[PDB]
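Peer 1: Here it is, the structure in full.
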Amino acid sequence: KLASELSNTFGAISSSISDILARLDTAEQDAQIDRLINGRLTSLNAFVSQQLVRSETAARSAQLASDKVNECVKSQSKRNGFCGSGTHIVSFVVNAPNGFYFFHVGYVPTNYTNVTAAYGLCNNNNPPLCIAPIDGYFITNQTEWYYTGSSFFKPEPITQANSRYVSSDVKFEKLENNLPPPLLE
Amino acid sequence: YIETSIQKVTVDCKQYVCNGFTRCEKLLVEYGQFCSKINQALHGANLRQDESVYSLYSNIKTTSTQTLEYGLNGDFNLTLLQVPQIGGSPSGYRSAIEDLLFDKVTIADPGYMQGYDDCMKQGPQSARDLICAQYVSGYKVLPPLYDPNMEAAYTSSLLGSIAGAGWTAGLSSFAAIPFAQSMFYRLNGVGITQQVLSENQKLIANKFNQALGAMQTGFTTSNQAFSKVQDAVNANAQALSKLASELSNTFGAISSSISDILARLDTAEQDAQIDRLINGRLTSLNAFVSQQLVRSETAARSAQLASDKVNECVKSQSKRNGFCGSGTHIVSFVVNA
Amino acid sequence: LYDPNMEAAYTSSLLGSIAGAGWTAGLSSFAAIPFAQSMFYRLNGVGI
Amino acid sequence: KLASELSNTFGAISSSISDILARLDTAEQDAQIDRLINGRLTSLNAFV
Amino acid sequence: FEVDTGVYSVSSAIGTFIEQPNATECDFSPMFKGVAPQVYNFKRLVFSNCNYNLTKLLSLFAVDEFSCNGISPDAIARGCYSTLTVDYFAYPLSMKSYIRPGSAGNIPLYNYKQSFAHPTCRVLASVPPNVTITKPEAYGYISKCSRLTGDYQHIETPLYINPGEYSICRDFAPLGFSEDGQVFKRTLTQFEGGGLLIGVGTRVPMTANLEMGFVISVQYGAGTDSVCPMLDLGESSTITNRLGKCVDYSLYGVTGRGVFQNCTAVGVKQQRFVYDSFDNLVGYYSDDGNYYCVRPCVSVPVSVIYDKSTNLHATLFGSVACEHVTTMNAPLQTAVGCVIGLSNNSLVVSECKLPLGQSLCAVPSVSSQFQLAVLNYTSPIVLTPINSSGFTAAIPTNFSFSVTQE
Ligand SMILES: *[C@@H]1O[C@H](CO)[C@@H](O)[C@H](O)[C@H]1NC(C)=O
Ligand SMILES: *[C@@H]1O[C@H](CO)[C@@H](O)[C@H](O)[C@H]1NC(C)=O
Ligand SMILES: *[C@@H]1O[C@H](CO)[C@@H](O)[C@H](O)[C@H]1NC(C)=O
Ligand SMILES: *[C@@H]1O[C@H](CO)[C@@H](O)[C@H](O)[C@H]1NC(C)=O
């Protein structure tokens, strides 16, 4: 646009000062140059104002790149949708023309299964201690209550490591027998 | 309110500049490297909005959902957020609270299907109104990428959206917890004990229902969020108003009408006065393209913020302060404005 | 401001900054955990 | 920038309206004061 | 010769409508009876609601200079106007420079100053000997006009006329000056300011033929009547058959372009022209007793849907019903206008390259035809809450890694 704004007549007989000088008398030449001079400065002021909008837009976008490097690249992100799609594992950054190119590696499942997934397990005892799972689900063998990870399906025995002590609830399932090791006595 | 798009407007450079006068068009043939640049710049700006809208609706889609009752899901009443149903949901797509939000907003119908014919008959003096003044001034208002029916389905699915339990790390499991039981987990996490009289169920739902039911009063210009909704509409109209008002500037000529110039002047000097109208109306169009490019980028950088709050405090509870409303954040809902 | 050689020195050094992470509470310590072990801790946190 | 655009001739013989009034005839006075009005209004629009 | 794939916004003999009144001939007789007036005693004729014959005027005068500002003589010759004002007098051709705008003489000071509020023409002409306009004696013009005051009558205030007005020293010798430099003195009354009015007159020898000056001014929008050149009524006099057609109109002095429809009357019937807030004609009280709405001429929008891979193209008439397209393949009405070149096979797609807007799509079905298609919302997995004492949950049994590039 800068180069093409020089081929604008601005009302003069031509956009070339060579042709203006080659066709008009000395009195009238200066009247046609001043059309090219008052133009070509309005067009430069448009360039100057436009390059201050573009420059601050990129300066604010540099903070976005700097923030996203400190979050996606130098650590694992717990935000939703900030660093790619799916749960975030690792990101890599490389240089690109006029910016940064990121590669966000995420964990996307492809197949699913349905389970019972009780809220918790209450002791069949007075002043009951109640175990809720941690970072997982309490799933039936489909009774024996087992534990599986949230992101991958693999039933395991319940233990103190994958159980968290919580207060009793009506919605919990009372265990008459088959108590897990954490809940015994 | 978060703005995600602007009104897509395109211009016909050979109709805005020369209002169908063959005397003006022949002088514009010397130009026409400045018209293509306007036509090509506006095509790109409108093309980038389509890619921004497509990107926004792929960042807020839902993997899986569960089904909710028409109201009184557990004791919490979500009717204001659900499309009305007599038997099953008839007679539209947008929820009850979108009806109230749109009715309080003054929007000129752009008539995407029969706009030309409606402006042709009605509007005896309303045929320069900003929508009916587009078949006169040579510009045009393009329809948005998605119809309001599909735009409503993306926000409806968000209401019944399901996520992984509430105490499980990761975004790869989905638990079908009923909405009522989900709310109690959100209240439990923020400090409320589970022995608070069965968590006072009759007195938490009532206060939730009272505050959620009283949000209809907020659709006034006294409200900040709704004020910004009207300013977004006003800005879109003002862009078209300034486009039409620049066809009344003389730019130093005897008149702003090429009919007057051709009727009061001789052949030699008419070409001098018309060229002032062509040298203007092209610089003005250069200012329009520059203005609408900045508005197109500003909306696109706010569509990213729109997708953020959908993911930070619509699809999951937010532990951040002030990001998603005053007070401790429990739950948020999103509708179309 | 910077030539391509120095522009890519910063990003090449980010790939190997896993020792700069130093998994703990806080950002003021560094742990020379290999890349392979870090991924298994990254996958272990997300539920697996 | 707002004040410095009041000293732009815009093609007129002089920027000051006083000079235009004191040097030209009534026929041409209103053809160059009009140049200062078409400018100084585009300049104001760019400020807005 | 090569354009990408997308929807592109690409770009009939206007007629004439003339209602002019049946009006009497403009009378120039007052100009031709009596001695021609002097420059300071010019005579003004105002013409409204009349017709003039250009042939007579061409024959009766021989024009020497026609300096015009705001208009051209041809425009005055082929156009109709509200008011025509002519200031005529006798002015020597040898002084033609002293009446120009910017002149430093005494003519613009004490004799005649031209006004530039409206379009004007200054015509210096000479009357042929056969034309019967009684020549004056030698020409005359005022060289001084001032008010003398002071106790000793020692201070003198020059008096200057305003554009189009008369001098205050006119009454000293309205028909001319007997001798060059003739001096006159008068005493002003108390109500007029008082003092000694002093005037001086200059006598210029008469020429061989009478030479006269004319200032012709046109006013638009100053009445409900027109001054027109004599012309044939023609066939463009009526509009009743041409409603809905874009026409150049010339109505009682106002000209433009528009389309006329039939509405109910608004405004004042007398004024005959209803205007909006922006000085555009919007209504017209025609002589046929009907009030016509005036709308600006409109153009149908056109866009092109183009597919480069299959080299297929269709046309979109945005927001236009197909009934209009046929009256002014098969046209098809969609939710964004009328489309020619697309077929309705009730196709539904999940995602596509060409969006038409409002969830419409154009997909080039292979085996060579565009088909109009509708985007369908993909419903997420509705996870069924089976009845139990716990919450049914979905847990992955197989996984993949996807890289998202930003
Ligand atoms: C829920 O709110 C709607 C809003 O009008 C009301 O009609 C309905 O009665 C409420 N539900 C109950 C159970 O009261
Ligand atoms: C104008 O005058 C000429 C002189 O003979 C005449 O032929 C012509 O018909 C006149 N025009 C009219 C009456 O419209
Ligand atoms: C014009 O006026 C009305 C329209 O409202 C109707 O009578 C008809 O279209 C026209 N009238 C006549 C007498 O032509
Ligand atoms: C296609 O035709 C069917 C039946 O003729 C109609 O229901 C449908 O609306 C049409 N589609 C479009 C886009 O017009």
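Chain labels A, B, ... are given in the sequence in which chains occur in the structure tokens; within each chain residues are numbered consecutively from 1, and ligands are likewise numbered from 1 in the order shown.
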Contacts from chain D to chain E, 9 Å maximum, only C-alpha atoms: show me the residue list as an mmCIF file with N, CA, C and O atoms, in the first residue's frame.

Peer 2:
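This is the output file part.cif:
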```
data_model
loop_
_atom_site.group_PDB
_atom_site.id
_atom_site.type_symbol
_atom_site.label_atom_id
_atom_site.label_comp_id
_atom_site.auth_asym_id
_atom_site.auth_seq_id
_atom_site.Cartn_x
_atom_site.Cartn_y
_atom_site.Cartn_z
ATOM 1 N N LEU D 24 -7.388 38.505 -0.728
ATOM 2 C CA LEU D 24 -8.143 37.997 -1.861
ATOM 3 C C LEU D 24 -9.484 38.711 -1.961
ATOM 4 O O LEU D 24 -9.896 39.446 -1.062
ATOM 5 N N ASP D 25 -10.158 38.492 -3.086
ATOM 6 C CA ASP D 25 -11.475 39.057 -3.326
ATOM 7 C C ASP D 25 -12.554 38.184 -2.695
ATOM 8 O O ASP D 25 -12.314 37.050 -2.279
ATOM 9 N N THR D 26 -13.770 38.729 -2.636
ATOM 10 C CA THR D 26 -14.873 38.017 -2.001
ATOM 11 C C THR D 26 -15.249 36.752 -2.766
ATOM 12 O O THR D 26 -15.712 35.781 -2.160
ATOM 13 N N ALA D 27 -15.065 36.745 -4.086
ATOM 14 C CA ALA D 27 -15.383 35.549 -4.862
ATOM 15 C C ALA D 27 -14.472 34.386 -4.489
ATOM 16 O O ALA D 27 -14.939 33.256 -4.311
#
```

Peer 1: List as a list in words the protein and nucleic acid residues lying within 10 Å of ligand 4, with only C-alpha atoms and all ligand atoms counted.

Peer 2: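 The residues near ligand 4 are residues 332, 333, 334, 335, 342, 343, 344, 345, 346, 347, 348, 360, 361, 371, 372, 373 and 374 of chain E.
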
Peer 1: Could you make a table, as a Markdown table, of the residues of chain B that have an atom within 9 Å of an atom of chain C, each with its nearest atom pair and distance in Å to one decimal, counting only C-alpha atoms, in chain and number order?

Peer 2:
```
| residue | atom | partner | partner_atom | distance |
| --- | --- | --- | --- | --- |
| B:168 | CA | C:47 | CA | 7.5 |
| B:169 | CA | C:46 | CA | 5.6 |
| B:170 | CA | C:46 | CA | 4.7 |
| B:171 | CA | C:46 | CA | 8.0 |
| B:172 | CA | C:47 | CA | 8.6 |
```

Peer 1: Write the residues of the selection above to a file with N, CA and C atoms, as a PDB file, in the first residue's frame.

Peer 2:
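Output below, filename out.pdb:
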```
ATOM      1  N   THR B 168     -11.717 -36.055  40.719  1.00  0.00           N
ATOM      2  CA  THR B 168     -10.782 -36.851  39.894  1.00  0.00           C
ATOM      3  C   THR B 168      -9.989 -35.936  38.972  1.00  0.00           C
ATOM      4  N   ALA B 169      -8.669 -36.135  38.933  1.00  0.00           N
ATOM      5  CA  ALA B 169      -7.780 -35.300  38.100  1.00  0.00           C
ATOM      6  C   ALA B 169      -7.876 -35.701  36.645  1.00  0.00           C
ATOM      7  N   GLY B 170      -7.825 -34.722  35.754  1.00  0.00           N
ATOM      8  CA  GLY B 170      -7.805 -35.039  34.322  1.00  0.00           C
ATOM      9  C   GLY B 170      -9.095 -34.660  33.647  1.00  0.00           C
ATOM     10  N   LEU B 171      -9.080 -34.651  32.318  1.00  0.00           N
ATOM     11  CA  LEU B 171     -10.260 -34.287  31.547  1.00  0.00           C
ATOM     12  C   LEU B 171     -10.662 -35.414  30.606  1.00  0.00           C
ATOM     13  N   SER B 172     -10.546 -36.656  31.068  1.00  0.00           N
ATOM     14  CA  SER B 172     -10.785 -37.811  30.222  1.00  0.00           C
ATOM     15  C   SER B 172     -11.869 -38.747  30.734  1.00  0.00           C
TER      16      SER B 172
END
```

Peer 1: I want to know what sits within 8 Å of residue D:40, based on only C-alpha atoms, with residues of the same chain fewer than 3 positions away left out; could you give that as a short mmCIF file (atom, residue, chain, number, x, y, z; two decimals) with C-alpha atoms, in the first residue's frame?

Peer 2:
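Contents of out00.cif, as written:
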```cif
data_model
loop_
_atom_site.label_atom_id
_atom_site.label_comp_id
_atom_site.auth_asym_id
_atom_site.auth_seq_id
_atom_site.Cartn_x
_atom_site.Cartn_y
_atom_site.Cartn_z
CA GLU D 5 -2.93 20.45 12.24
CA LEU D 6 -4.27 24.02 12.51
CA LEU D 36 -9.67 24.96 5.37
CA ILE D 37 -13.10 23.58 6.29
CA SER D 43 -8.23 16.01 10.53
CA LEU D 44 -10.78 16.07 13.37
#
```

Peer 1: Provide as a PDB file with N, CA and C atoms, in the first residue's frame the residues of chain C at most 9 Å from chain A, counting only C-alpha atoms.

Peer 2:
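Resulting contents of iface.pdb:
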```
ATOM      1  N   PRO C   4      18.723 -15.039  13.368  1.00  0.00           N
ATOM      2  CA  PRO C   4      18.101 -16.358  13.544  1.00  0.00           C
ATOM      3  C   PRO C   4      18.907 -17.303  14.412  1.00  0.00           C
ATOM      4  N   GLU C   7      18.104 -16.183  17.929  1.00  0.00           N
ATOM      5  CA  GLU C   7      16.681 -16.369  18.197  1.00  0.00           C
ATOM      6  C   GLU C   7      16.362 -17.813  18.544  1.00  0.00           C
ATOM      7  N   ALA C   8      17.035 -18.762  17.904  1.00  0.00           N
ATOM      8  CA  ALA C   8      16.780 -20.174  18.136  1.00  0.00           C
ATOM      9  C   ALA C   8      17.631 -20.762  19.248  1.00  0.00           C
ATOM     10  N   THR C  11      15.048 -20.924  22.169  1.00  0.00           N
ATOM     11  CA  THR C  11      14.065 -21.990  22.048  1.00  0.00           C
ATOM     12  C   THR C  11      14.703 -23.370  22.097  1.00  0.00           C
ATOM     13  N   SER C  12      15.937 -23.508  21.612  1.00  0.00           N
ATOM     14  CA  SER C  12      16.633 -24.784  21.740  1.00  0.00           C
ATOM     15  C   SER C  12      16.938 -25.093  23.198  1.00  0.00           C
ATOM     16  N   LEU C  14      15.031 -24.258  25.645  1.00  0.00           N
ATOM     17  CA  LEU C  14      13.788 -24.574  26.336  1.00  0.00           C
ATOM     18  C   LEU C  14      13.466 -26.060  26.281  1.00  0.00           C
ATOM     19  N   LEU C  15      13.910 -26.755  25.232  1.00  0.00           N
ATOM     20  CA  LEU C  15      13.656 -28.189  25.136  1.00  0.00           C
ATOM     21  C   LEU C  15      14.347 -28.945  26.258  1.00  0.00           C
ATOM     22  N   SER C  17      15.213 -27.732  29.255  1.00  0.00           N
ATOM     23  CA  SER C  17      15.038 -27.105  30.557  1.00  0.00           C
ATOM     24  C   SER C  17      14.242 -27.962  31.520  1.00  0.00           C
ATOM     25  N   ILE C  18      14.101 -29.261  31.245  1.00  0.00           N
ATOM     26  CA  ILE C  18      13.419 -30.147  32.183  1.00  0.00           C
ATOM     27  C   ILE C  18      14.143 -30.153  33.521  1.00  0.00           C
ATOM     28  N   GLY C  20      15.401 -27.566  34.579  1.00  0.00           N
ATOM     29  CA  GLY C  20      14.942 -26.305  35.132  1.00  0.00           C
ATOM     30  C   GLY C  20      13.608 -26.395  35.835  1.00  0.00           C
ATOM     31  N   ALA C  21      12.826 -27.438  35.557  1.00  0.00           N
ATOM     32  CA  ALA C  21      11.539 -27.587  36.225  1.00  0.00           C
ATOM     33  C   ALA C  21      11.727 -27.873  37.710  1.00  0.00           C
ATOM     34  N   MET C  39       7.957 -37.666  31.757  1.00  0.00           N
ATOM     35  CA  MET C  39       6.711 -37.974  31.064  1.00  0.00           C
ATOM     36  C   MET C  39       5.850 -38.936  31.873  1.00  0.00           C
ATOM     37  N   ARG C  42       4.315 -36.933  34.441  1.00  0.00           N
ATOM     38  CA  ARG C  42       3.266 -36.131  33.823  1.00  0.00           C
ATOM     39  C   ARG C  42       2.022 -36.966  33.544  1.00  0.00           C
ATOM     40  N   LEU C  43       2.205 -38.193  33.055  1.00  0.00           N
ATOM     41  CA  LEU C  43       1.064 -39.062  32.795  1.00  0.00           C
ATOM     42  C   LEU C  43       0.458 -39.600  34.083  1.00  0.00           C
ATOM     43  N   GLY C  45       0.140 -37.902  36.911  1.00  0.00           N
ATOM     44  CA  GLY C  45      -0.683 -36.871  37.521  1.00  0.00           C
ATOM     45  C   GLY C  45      -2.073 -36.790  36.923  1.00  0.00           C
ATOM     46  N   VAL C  46      -2.186 -36.982  35.604  1.00  0.00           N
ATOM     47  CA  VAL C  46      -3.466 -36.784  34.923  1.00  0.00           C
ATOM     48  C   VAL C  46      -4.430 -37.940  35.112  1.00  0.00           C
ATOM     49  N   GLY C  47      -4.084 -38.940  35.917  1.00  0.00           N
ATOM     50  CA  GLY C  47      -5.046 -39.972  36.236  1.00  0.00           C
ATOM     51  C   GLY C  47      -4.575 -41.393  36.017  1.00  0.00           C
ATOM     52  N   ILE C  48      -3.641 -41.590  35.086  1.00  0.00           N
ATOM     53  CA  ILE C  48      -3.169 -42.934  34.779  1.00  0.00           C
ATOM     54  C   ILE C  48      -2.458 -43.513  35.991  1.00  0.00           C
TER      55      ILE C  48
END
```

Peer 1: Please provide as a tab-separated table (two decimals) with N, CA and C atoms, in the first residue's frame all residues within 12 Å of residue D:9, with the sequence filter that same-chain residues fewer than 6 positions apart are discarded (counting only C-alpha atoms).

Peer 2:
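Once everything was written out, this is out-v2.tsv:
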```tsv
chain	number	residue	atom	x	y	z
A	34	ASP	N	1.85	20.82	-5.35
A	34	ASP	CA	1.30	20.94	-4.00
A	34	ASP	C	0.12	20.01	-3.78
A	35	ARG	N	-0.55	19.56	-4.84
A	35	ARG	CA	-1.53	18.50	-4.68
A	35	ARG	C	-0.85	17.18	-4.35
A	37	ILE	N	1.99	17.01	-2.82
A	37	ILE	CA	2.67	17.18	-1.54
A	37	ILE	C	1.68	17.13	-0.38
A	38	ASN	N	0.48	17.69	-0.55
A	38	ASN	CA	-0.53	17.56	0.50
A	38	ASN	C	-1.07	16.14	0.57
D	15	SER	N	-2.48	29.54	5.90
D	15	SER	CA	-3.23	28.79	6.90
D	15	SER	C	-4.20	29.68	7.66
D	16	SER	N	-3.76	30.89	8.01
D	16	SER	CA	-4.61	31.80	8.77
D	16	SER	C	-5.78	32.29	7.92
D	17	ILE	N	-6.96	32.33	8.53
D	17	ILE	CA	-8.12	32.89	7.85
D	17	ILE	C	-7.97	34.40	7.70
D	19	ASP	N	-5.23	36.04	6.92
D	19	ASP	CA	-4.46	36.28	5.71
D	19	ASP	C	-5.31	36.08	4.46
D	20	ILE	N	-6.17	35.07	4.46
D	20	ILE	CA	-7.03	34.83	3.31
D	20	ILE	C	-8.01	35.98	3.13
D	32	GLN	N	-11.31	29.27	-0.70
D	32	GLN	CA	-10.16	28.78	0.06
D	32	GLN	C	-10.42	28.66	1.55
D	33	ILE	N	-11.31	29.48	2.11
D	33	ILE	CA	-11.78	29.19	3.46
D	33	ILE	C	-12.52	27.87	3.48
D	34	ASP	N	-13.13	27.49	2.36
D	34	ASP	CA	-13.77	26.18	2.27
D	34	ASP	C	-12.74	25.06	2.20
D	35	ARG	N	-11.55	25.32	1.65
D	35	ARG	CA	-10.49	24.33	1.71
D	35	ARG	C	-10.07	24.06	3.14
D	36	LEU	N	-10.00	25.11	3.96
D	36	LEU	CA	-9.67	24.96	5.37
D	36	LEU	C	-10.79	24.29	6.15
D	37	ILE	N	-11.99	24.22	5.60
D	37	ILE	CA	-13.10	23.58	6.29
D	37	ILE	C	-13.23	22.10	5.91
D	38	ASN	N	-12.92	21.74	4.67
D	38	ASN	CA	-12.89	20.33	4.31
D	38	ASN	C	-11.72	19.62	4.99
D	39	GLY	N	-10.55	20.25	4.99
D	39	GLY	CA	-9.55	19.93	5.99
D	39	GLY	C	-10.00	20.49	7.32
D	40	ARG	N	-9.29	20.12	8.38
D	40	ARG	CA	-9.64	20.55	9.74
D	40	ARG	C	-10.90	19.85	10.20
```

Peer 1: Got a sec: who's within 8 Å of stretch 21-33 of chain B, counting only C-alpha atoms, leaving out chain neighbours fewer than 3 positions off, as a short mmCIF file (atom, residue, chain, number, x, y, z; two decimals) with N, CA and C atoms, in the first residue's frame?

Peer 2:
```cif
data_model
loop_
_atom_site.label_atom_id
_atom_site.label_comp_id
_atom_site.auth_asym_id
_atom_site.auth_seq_id
_atom_site.Cartn_x
_atom_site.Cartn_y
_atom_site.Cartn_z
N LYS B 14 -17.72 0.44 -7.05
CA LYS B 14 -18.20 1.12 -8.24
C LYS B 14 -19.64 1.61 -8.11
N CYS B 18 -19.72 5.96 -7.65
CA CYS B 18 -20.52 6.47 -8.76
C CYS B 18 -21.90 5.84 -8.67
N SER B 36 -10.25 -2.47 -6.33
CA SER B 36 -9.93 -3.87 -6.06
C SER B 36 -9.31 -4.03 -4.68
N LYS B 37 -8.41 -3.11 -4.30
CA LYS B 37 -7.78 -3.20 -2.99
C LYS B 37 -8.81 -3.08 -1.88
N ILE B 258 -24.09 13.88 -8.10
CA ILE B 258 -23.57 13.94 -9.46
C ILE B 258 -24.64 14.39 -10.44
N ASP B 271 -16.06 17.20 -15.40
CA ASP B 271 -15.08 16.17 -15.09
C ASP B 271 -14.16 16.59 -13.95
N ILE B 274 -16.56 16.12 -10.68
CA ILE B 274 -16.82 14.71 -10.39
C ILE B 274 -15.59 14.05 -9.80
N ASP B 275 -14.40 14.41 -10.30
CA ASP B 275 -13.18 13.79 -9.82
C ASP B 275 -12.93 14.11 -8.35
N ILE B 278 -14.76 11.54 -6.69
CA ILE B 278 -14.12 10.23 -6.81
C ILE B 278 -12.85 10.17 -5.97
#
```

Peer 1: Using only C-alpha atoms and all ligand atoms, what are the residues with an atom within 6 Å of ligand 2, set out as a PyMOL selection string?

Peer 2: chain E and resi 53+55-56+230-231

Peer 1: If the limit is 9 Å from any atom of ligand 3, counting only C-alpha atoms and all ligand atoms, which residues qualify? Return them as an NGL selection string.

Peer 2: :E and (240 or 261-264 or 288-292)

Peer 1: Kindly export the residues of the current selection with N, CA and C atoms, as a PDB file, in the first residue's frame.

Peer 2:
```
ATOM      1  N   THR E 240     -47.735   8.222 -14.490  1.00  0.00           N
ATOM      2  CA  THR E 240     -48.687   7.241 -13.972  1.00  0.00           C
ATOM      3  C   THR E 240     -48.442   5.846 -14.531  1.00  0.00           C
ATOM      4  N   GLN E 261     -43.571   6.067  -6.373  1.00  0.00           N
ATOM      5  CA  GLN E 261     -44.633   5.173  -5.935  1.00  0.00           C
ATOM      6  C   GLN E 261     -45.812   6.004  -5.450  1.00  0.00           C
ATOM      7  N   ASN E 262     -46.905   5.330  -5.112  1.00  0.00           N
ATOM      8  CA  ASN E 262     -48.153   5.994  -4.763  1.00  0.00           C
ATOM      9  C   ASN E 262     -48.411   5.806  -3.273  1.00  0.00           C
ATOM     10  N   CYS E 263     -48.520   6.917  -2.543  1.00  0.00           N
ATOM     11  CA  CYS E 263     -48.714   6.867  -1.098  1.00  0.00           C
ATOM     12  C   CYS E 263     -49.868   7.751  -0.649  1.00  0.00           C
ATOM     13  N   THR E 264     -50.000   7.929   0.663  1.00  0.00           N
ATOM     14  CA  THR E 264     -50.938   8.882   1.234  1.00  0.00           C
ATOM     15  C   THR E 264     -50.252  10.229   1.436  1.00  0.00           C
ATOM     16  N   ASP E 288     -51.547  16.048 -11.136  1.00  0.00           N
ATOM     17  CA  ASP E 288     -52.666  15.143 -11.355  1.00  0.00           C
ATOM     18  C   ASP E 288     -53.452  14.849 -10.083  1.00  0.00           C
ATOM     19  N   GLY E 289     -53.167  15.552  -8.990  1.00  0.00           N
ATOM     20  CA  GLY E 289     -53.902  15.374  -7.757  1.00  0.00           C
ATOM     21  C   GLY E 289     -53.459  14.212  -6.901  1.00  0.00           C
ATOM     22  N   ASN E 290     -52.319  13.599  -7.205  1.00  0.00           N
ATOM     23  CA  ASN E 290     -51.807  12.472  -6.444  1.00  0.00           C
ATOM     24  C   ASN E 290     -50.487  12.846  -5.789  1.00  0.00           C
ATOM     25  N   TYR E 291     -50.250  12.284  -4.611  1.00  0.00           N
ATOM     26  CA  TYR E 291     -48.998  12.464  -3.892  1.00  0.00           C
ATOM     27  C   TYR E 291     -48.133  11.233  -4.127  1.00  0.00           C
ATOM     28  N   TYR E 292     -46.963  11.435  -4.726  1.00  0.00           N
ATOM     29  CA  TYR E 292     -46.059  10.350  -5.075  1.00  0.00           C
ATOM     30  C   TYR E 292     -44.881  10.327  -4.115  1.00  0.00           C
TER      31      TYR E 292
END
```

Peer 1: Determine which residues of chain B sit within 12 Å of chain D, taking into account only C-alpha atoms, and present them as a PyMOL selection string.

Peer 2: chain B and resi 242+246+249-254+276+280+283-284+287-288+290-291

Peer 1: Which residues are near residue B:66? Cut-off 8 Å, only C-alpha atoms, ignore same chain within fewer than 3 positions. Put them as a list in words.

Peer 2: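 These residues fall inside the cut-off: residues 160, 161, 162 and 176 of chain B; 382, 383, 384 and 385 of chain E.
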
Peer 1: Set the cut-off to 10 Å, count only C-alpha atoms and all ligand atoms, and list whatever residues fall near ligand 1 as number ranges by chain.

Peer 2: B: 70-80, 96, 209-210, 212-214

Peer 1: I'd like the interatomic distance between atom CA of residue E:358 and atom CA of residue B:16, to a tenth of an Å.

Peer 2: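 Separation of atom CA of residue E:358 and atom CA of residue B:16: 26.4 Å.
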